[PDB]
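Before any questions on how it binds or moves, here is one chain, the form whose entry title says "open conformation", in structure tokens.
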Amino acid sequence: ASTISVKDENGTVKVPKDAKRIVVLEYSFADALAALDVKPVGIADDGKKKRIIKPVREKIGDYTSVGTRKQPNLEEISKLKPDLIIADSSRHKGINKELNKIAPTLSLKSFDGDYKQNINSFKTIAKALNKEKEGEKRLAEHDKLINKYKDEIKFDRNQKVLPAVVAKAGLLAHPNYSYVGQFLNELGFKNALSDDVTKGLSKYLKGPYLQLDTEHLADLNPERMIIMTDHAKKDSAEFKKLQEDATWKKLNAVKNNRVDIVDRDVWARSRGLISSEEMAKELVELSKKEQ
């Protein structure tokens, strides 16, 4: 019974050459398999089918939920009798021993990976499935599309951008080395959170993100903000108090109509080829709206 050796975040994994039925524990891995014409048999979808971005969700069709990404249901994983499990190298360290009793398990970056690392995980998945050629073709198409959208995005790249989610009193900002920050850099944007800026705000770190109160937002005063919220809504209680705040109203991005509220599932959680294409496409559209 022969195998393909690949490297994951824990070292070598021997993936059976007959691996066809695969459980995935992050959204990006579901996107990877859909791109390769493989339908996962189980997905940790948080009990929320709509968190799987629509084109991916529609290509995959029916699957079995294995619960939350934080705490996947190992009983449900075991019941599926998968050939292979694809787990997140940050979220799933604690369950790794248990997963490997169920099936060969790949531990790959998603949750703590940037844009290029999530691309690296896709390549590892393609190799593991004996679909290296198909993966190369798909990535060439992806890169061509991203570059086409880059060229179609009309925004002035000298307007520095702050990507963030809403938290506490202020914003929880994604710095320049995050998934979203790096993807914005790939599209030619300049992150307002430069290395020096982030260094001078580091006492505000909460894990990899920076907690910015309105005082610190005012000091940074980015020309442009991209605010990722559930359902791309702007009327949540947290966001409301922020939007009604006096320092908020004086911000350059606010005064000049350069704050865009975008979908958190697509922009922050998906981390796939389709979702990044959609994020770039959305920036094109936003840039072409009446000035």
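Just so we're on the same page, rigid core means the largest C-alpha set that superposes within 1.5 Å between forms. One-based numbering along the sequence shown.
Although not depicted, the form whose entry title says "closed conformation" is the subject of the following passage.
Here the rigid core is superposed between the shown form and the other one, and of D83, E186, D213, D114 the C-alpha of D213 is the only one to shift by 2 Å or more.
For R157, the Cα coordinates differ by under 2 angstroms between the shown form and the other one after the core has been superposed. Relative to the superposed rigid core, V41 undergoes a CA displacement smaller than 2 Å between the shown form and the other one. In this overlay on the rigid core, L171 has a C-alpha that sits 2 Å or more away from its partner position between the shown form and the other one. With a change of no less than 3 Å, the CA-CA distance between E244 and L205 is larger in the other form than in the form shown. Relative to this form, the distance between the C-alpha atoms of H231 and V56 is increased by at least 3 angstroms in the other form.
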